[PDB]
Amino acid sequence: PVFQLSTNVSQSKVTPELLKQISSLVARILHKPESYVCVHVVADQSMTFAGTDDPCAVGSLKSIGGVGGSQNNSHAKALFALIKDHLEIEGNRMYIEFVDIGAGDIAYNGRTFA
Amino acid sequence: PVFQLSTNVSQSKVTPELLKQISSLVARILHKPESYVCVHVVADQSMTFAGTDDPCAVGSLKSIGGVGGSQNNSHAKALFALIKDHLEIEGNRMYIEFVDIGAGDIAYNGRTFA
Amino acid sequence: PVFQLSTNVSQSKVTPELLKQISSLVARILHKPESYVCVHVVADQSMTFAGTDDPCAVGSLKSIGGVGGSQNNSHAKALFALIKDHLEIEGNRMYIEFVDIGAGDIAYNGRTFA
């Protein structure tokens with residue numbers, strides 16, 4: 001399970017503790033061990049949303065399962081909640097994409113999972 | 001609708017006006033309100049194309065619909081045209097990926113669209 | 001064929017020769033001309049794996065075909081091998097995603113391939 005986020009806010013707000021809290025939350029919402037969670041947050045990007053350069057973000061959560069349907073709604077609410085409290089990005093200027101990956105299409109330690 | 005572009009050219013060329021013109025163009029070619037368009041351009045990356053570090057770019061346009069078939073051809077011509085005039089990237093060293101997203105697989109303001 | 005890699009290791013290790021060796025290897029493992037290969041490596045990112053900020057990486061290989069099934073296993077072994085020798089990332093802290101792209105969904109030089 002991989003969570004990636006791009007934002008135009010300052011790298012000052014992207015603390016190593018934020019990455020930890022994201023990691024923990026992703027493990028919880030996907031019901032997978034945190035030992036497999038990878039988090040990547042990218043700051044101070046050149047980004048617009050709705051034509052303006054005000055604070056915004058685009059992210060994605062990629063997983064083998066756990067990313068289909070109304071579960072994505074509940075999971076979104078939590079991720080949006082965490083990202084705003086820490087990065088102060090309004091919900092109406094952020095997207096998070098949910099991407100289901102096949103076991104044969106992701107390699108860990110040199111081999112696919114299936 | 002999200003447009004993302006990575007390039008090895010200097011951040012000097014990535015002006016806030018470029019991002020605006022991209023935003024406008026993406027809204028037009030997808031026939032969606034610009035209020036939902038997010039643009040992300042990343043510059044001065046470590047990239048090769050055809051084995052060389054000359055100017056190049058890889059991008060993607062992700063959307064709920066509007067990204068299938070020969071429409072992608074017309075849309076490509078316009079995006080390639082804009083990116084070259086501003087970033088001076090030859091067409092034969094750029095890729096743009098078109099990615100259809102399901103409504104249940106992208107969250108905005110804390111909830112999916114379906 | 002596009003190979004992208006994000007890592008928290010220093011940009012010092014991402015030499016222009018590394019990008020060349022990656023390019024060469026991607027051409028070989030996908031059996032496609034290196035003239036179409038694009039490589040993008042991003043360094044010194046804010047990333048955690050398993051909750052820690054030790055060296056880690058996430059990448060993806062996107063291609064029209066050549067990315068399905070047990071072939072992904074053999075290809076992974078080679079990519080993991082190259083990335084570690086040069087970037088010193090342990091296999092158990094790296095993911096590589098394999099993504100099949102439709103010919104109508106990627107544009108080169110202003111037009112899709114189909």
Side-chain angles (χ1 to χ4, degrees), chain A residues 105-107 110 112, chain B residues 4-9 42-53 55-60 76 79-80 83-84 87-89 91-99, chain C residues 1-7 11 13-43 57-87 89 94-110 112-114:
Chain A
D105 297 324
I106 185 168
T112 58
Chain B
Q4 285 174 122
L5 183 73
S6 301
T7 185
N8 52 356
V9 315
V42 178
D44 217 39
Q45 299 295 285
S46 300
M47 291 182 67
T48 63
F49 201 116
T52 74
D53 66 348
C56 64
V58 173
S60 66
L79 286 164
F80 277 71
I83 286 149
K84 179 187 183 69
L87 297 193
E88 308 172 338
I89 293 152
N92 69 302
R93 293 175 69 70
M94 179 165 45
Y95 294 114
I96 301 175
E97 186 181 352
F98 296 85
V99 178
Chain C
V2 181
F3 183 74
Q4 285 174 122
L5 183 73
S6 301
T7 185
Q11 64 103 343
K13 317 190 148 290
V14 174
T15 66
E17 183 64 12
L18 176 65
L19 291 177
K20 250 79 142 175
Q21 292 165 302
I22 298 174
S23 183
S24 173
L25 174 64
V26 165
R28 210 192 89 220
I29 64 172
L30 293 188
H31 301 67
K32 291 189 179 139
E34 191 179 0
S35 63
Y36 290 102
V37 173
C38 177
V39 174
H40 173 205
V41 177
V42 178
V58 173
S60 66
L61 179 58
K62 309 182 171 181
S63 179
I64 303 162
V67 278
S70 272
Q71 69 192 135
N72 289 347
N73 287 312
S74 177
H75 298 351
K77 179 205 165 71
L79 286 164
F80 277 71
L82 179 68
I83 286 149
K84 179 187 183 69
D85 294 347
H86 287 103
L87 297 193
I89 293 152
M94 179 165 45
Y95 294 114
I96 301 175
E97 186 181 352
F98 296 85
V99 178
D100 196 2
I101 314 286
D105 297 324
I106 185 168
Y108 175 68
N109 208 7
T112 58
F113 287 103

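Basis for what follows: all heavy atoms, side chains included, without hydrogens, waters or symmetry-related copies. Chain naming here is simple, since letters A, B, ... match the order of the sequence lines and numbering starts at 1 in each.
Note: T112(A) OG1 to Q71(C) CD = 10.5 Å, rounded to the nearest 0.5 Å. Atom CZ of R93(B) and atom CG of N109(C) lie 12.0 Å apart (nearest 0.5 Å). Annotation: the span from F3(C) atom CZ to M47(B) atom CE amounts to 13.0 Å, rounded to 0.5 Å. Between the CG atom of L79(C) and the CD1 atom of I83(C) there is a distance of 5.5 Å, given to the nearest 0.5 Å. The line from CD1 of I29(C) to NZ of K77(C) is 13.5 Å long, rounded to the nearest 0.5 Å. Rounding to the nearest 0.5 Å gives a distance of 11.0 Å between NE2 of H40(C) and CD1 of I22(C).
With sequence neighbours excluded, no residue forms a side chain to side chain donor-acceptor pair (under 3.5 Å) with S60(B). The salt bridge (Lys or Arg N to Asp or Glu O under 4.0 Å) search around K13(C) returns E88(C), not counting sequence neighbours. In this view, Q11(C) and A43(C) satisfy the side chain to side chain contact (heavy atoms under 4.5 Å, CB included) rule, not counting sequence neighbours.
What you find for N92(B) and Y108(C) is that their closest heavy atoms are O-OH, 2.9 Å. Nearest heavy atoms, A107(C) versus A76(B): CB-CB, 3.5 Å. Nearest heavy atom pair, residue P1(C) against residue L30(C), reads CB-CD1, 3.5 Å. Scanning both residues, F49(B) and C38(C), for their nearest heavy atoms gives CD1-CB, 3.6 Å.
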Could you pull out every donor-acceptor pair under 3.5 Å between side chains of residues 94-103 of chain C and any protein atom, sequence neighbours left out?
residue, atom, partner, partner atom, Å
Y95(C), OH, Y36(A), O, 2.5
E97(C), OE1, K62(A), NZ, 3.1
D100(C), OD1, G65(C), N, 2.9

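Taking 4.5 Å as the limit, every side-chain heavy atom of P55(B) sits out of range of all side-chain heavy atoms of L87(B). In this structure, the side chains of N72(C) and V67(C) come closer than 4.5 Å at one or more pairs of heavy atoms.
Of the possible donor and acceptor atoms, none in the side chain of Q45(B) sits under 3.5 Å from a partner among the backbone N and O of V42(C). The main-chain N or O of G51(B) is never found under 3.5 Å from a side-chain atom of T48(B) such that the two would form a donor-acceptor pair. In this structure, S6(B) contributes its side chain and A57(B) its backbone to no donor-acceptor pair below 3.5 Å.
There is a side-chain donor-acceptor pair under 3.5 Å between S23(C) and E34(C).
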### Task
Could you walk me through whether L19(C) and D53(B) pass the side chain to side chain contact (heavy atoms under 4.5 Å, CB included) test, one step at a time?
CA-CA 9 Å; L19(C) 291 177; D53(B) 66 348; 6.0 Å; no
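Residue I89(B) forms a side-chain contact (heavy atoms from CB on, under 4.5 Å) with just one option from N8(B), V9(B), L5(B), and that option is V9(B).
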